[PDB]
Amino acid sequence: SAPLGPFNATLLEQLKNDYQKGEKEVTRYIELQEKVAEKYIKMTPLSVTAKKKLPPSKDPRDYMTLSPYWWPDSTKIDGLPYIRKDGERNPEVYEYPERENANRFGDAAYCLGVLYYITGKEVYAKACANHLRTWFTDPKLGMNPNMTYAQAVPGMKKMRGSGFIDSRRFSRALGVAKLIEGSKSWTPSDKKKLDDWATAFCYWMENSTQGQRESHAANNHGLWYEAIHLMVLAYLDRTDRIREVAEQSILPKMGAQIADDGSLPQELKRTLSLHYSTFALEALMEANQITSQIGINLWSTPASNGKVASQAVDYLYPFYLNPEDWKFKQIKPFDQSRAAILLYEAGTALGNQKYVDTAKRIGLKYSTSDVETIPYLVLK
């Protein structure tokens, strides 16, 4: 039985079982994944401190990014204050190295940790640990356990919690560190430092003003907040809190966001309405990967107001078959392949064979190096 973590544990356990029994199809698949993983073994571990422009704290270990839809105002002499263009990503975001480096770290750590769990080969735990130590716990290179300056906006007067959503990029890596416990490379001291960092990060996200505000967000930010929360809580083995968060925060939030026809009105007012409708459910999907490991199914458990997350999947399903039929603003193309994992997850949780069949028909590329697809041989 796989340790509690941010992944479909049923698929992960099955891949490990089949691999240990030498089943040929799974062994060929994992051998491919191991070739894909070679670049992560050699990759130099990344650090949030690898930036020149420092945050207002003057601390390179503070994570800082630009909120992506905020641009300089050319009618202002210094371009300040920035103005918002919903759905139009300002390429200035790439001047903050931790934006993409958190992605690269998260991919590397997730891939290596999962491969260690499946294959038991110490080389994957050793490399996973090198990435985790550098990003999280190292006294010079590790990030401070906060998100004070995530998605800052030049010229903005008020403090915001919106940047907290960036945390999903490294909180999955945090969760996967559970898979390398017991390896030779991940020492009792390593685990203790990471536990303390995760405890400090959990305190910040629950008690800071930005964390409190983000926990109250009425749209996909509130769902992603709790999906990240669960990752941290599961890493810390706080199973009672996971139930409380599922029952007292996620399900009420999910219930308040679903209209009578199943649409997500908060996401429908966005310029990328099909993207953000899907993004909201992806938060619930990743949350459910964790809650369901302790017996709570977020796809089929109704909220206090009678709304159930399956209703939102039902509304969006025809538009995953034909994204061109989408009638609300979507100023960029929608990546239909996102529906593969989503419909498989919701389909399996709901016993809806039509969703699962469509999930497989859309499918994922057998040889893709996208690390989030590693558990989904069933879709390849």
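All residue numbers are counted from 1 along the displayed sequence.
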For 58 to 66 versus 23 to 31, entry-based mean Cα B-factors point to 23 to 31
Higher avg CA temperature factor (295 to 303 vs 220 to 228, as deposited) belongs to 295 to 303
Among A256, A173, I250, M143, the highest C-alpha B-factor in the PDB entry belongs to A256
Split the chain's modelled residues into thirds by Cα B-factor; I331 lands in the highest
Of the three thirds of the chain ranked by Cα temperature factor, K192 occupies the middle
Of the three thirds of Cα B-factor ranks in this chain, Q289 occupies the middle
Assert third(CA B-factor, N130) within chain per record equals middle
Tertile call for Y124 (CA temperature factor, within chain, third-based) is the middle
